[PDB]
Structure formats: structure tokens, C-alpha cells
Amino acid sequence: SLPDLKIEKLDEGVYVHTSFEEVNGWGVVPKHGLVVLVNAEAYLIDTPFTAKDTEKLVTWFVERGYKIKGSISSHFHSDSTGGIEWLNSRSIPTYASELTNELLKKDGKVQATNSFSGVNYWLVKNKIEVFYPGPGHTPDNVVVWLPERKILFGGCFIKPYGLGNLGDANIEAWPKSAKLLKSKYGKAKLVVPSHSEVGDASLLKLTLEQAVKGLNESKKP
């Protein structure tokens, strides 16, 4: 019996949703995403794991008078995408990069209904930006930047104390990608990782340090 979905205000117009999965060897691990409010419209930044929690999340906001306009998933793993099918069934627009949609299909999963490509993509002009730093945690990982509040949702790319699951990682590229991200978002006020506490821009430096070490470990026997 997993802990309940949490929904907590992070800043004006920005909520963190936390859902939970059992990870063998690690206990119950939180997954953080966002909900971003633009006027009367809400956007899910990552879905919870399940259709059920995705519904709870949508219903919490719709009951309060917001209209769910879209979700964007930061990478293909289930902790970002598990609710896509349910959203698609409710005709709620779902977004992922072209590469994320490829890796969803390869993994045997339901795709987002809308895709995009390129280093920079506006989900909502001047409000919600998607940036591709390069491969790291996965080949497709993107981050989401909220310019007005200087909030960066780093997803499973931001890994200040350890890299986590390396199964789908590109460890050769992660340090370059992390250097690029650090160079680009140094004025972030809040940096939101998937699997640890909210911090500030220092999480970009710590992620780079972890990526560098990870690549070194990979070259041992």
C-alpha cells in the first residue's frame, strides 16, 4: 500500500505533485513533477506513475476551476509518462519529444499525441519552455524551464548525490550535457529534481560532479 499522491504549492502558479513507487533495494521512492498554472489553464509537467493518481491530480485542479490543457513528459520512463494513456482517453493533449515518443514505442508503451524536436521548444510561449541538454539519465531527457519564476524542473537528469538507475543512461555524454545545463540555467531560483528535495542552482554543479564520477566508474573493469 503506497503513500497517497501529494500536491503542494511551490510558488505562485506552481505546484509540486509527488507520487510513489516501490523500488527493490530502495524502499518507497518519491517522484516529483509539477503543475503549472497559466491564467485558468493547468499543465502537467510529468505525469504520476499511474492512471489513478493522474486522475486524482487532474481532478484536484479541475475541481478548483482549472482547465487541464496539456501534459509534457520529460523522458520515456514510467515515472514521467505512466498517465499518458489515461490523459489520451480523456482527450487531454499529451506532449513528448520525438525521441521520447520513439523510446516509448520501443519500450512497448502508449505514445504522447503531440511531439516536438529541437534543443528549445515552447510548450507555452514565455511561460513554459522545454530544453534538451543532451543525453544523460536517458538519451531523450529534457528539462522544463519557467522563465517568470526562474524554476527549472530537472526531472531524472538532476542527480546531485548519485546517478540512480544507469540502465538506459548515456554515461559517456552526461558530463557534457550537465556542463551545458549548468552553463544555461545558473540563475535558476529553484531546481526541482525527480527523486530528491527541491534545491537551487547548486544542484546543477552537483549533478555535473556526479556525471563526471559516473563516467570514470564506467571505465573501470
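Heads up, when I say rigid core I mean the largest set of C-alphas that superpose within 1.5 Å between the two forms. Numbering starts at 1 and follows the sequence shown.
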item	value
171-179 against 23-31 - segment lying farther from this form in 8 other deposited structures of this protein (CA RMS, rigid core fit)	23-31
Higher-deviation segment by CA RMS in 8 other deposited structures of this protein, core fitted, 72-80 or 106-114	106-114
Greater mean Cα temperature factor according to the PDB record, 85-93 or 112-120	85-93
Of 149-157 and 28-36, the stretch whose C-alpha atoms average the higher B-factor in the entry	28-36
Top Cα B factor in the deposited entry, candidates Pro48, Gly70, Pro193, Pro175	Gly70
Modelled-residue ranking by C-alpha temperature factor, third containing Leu10	highest
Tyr43 CA temperature factor, ranked by third within the chain	lowest
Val23 - Cα temperature factor, lowest/middle/highest third of chain	highest
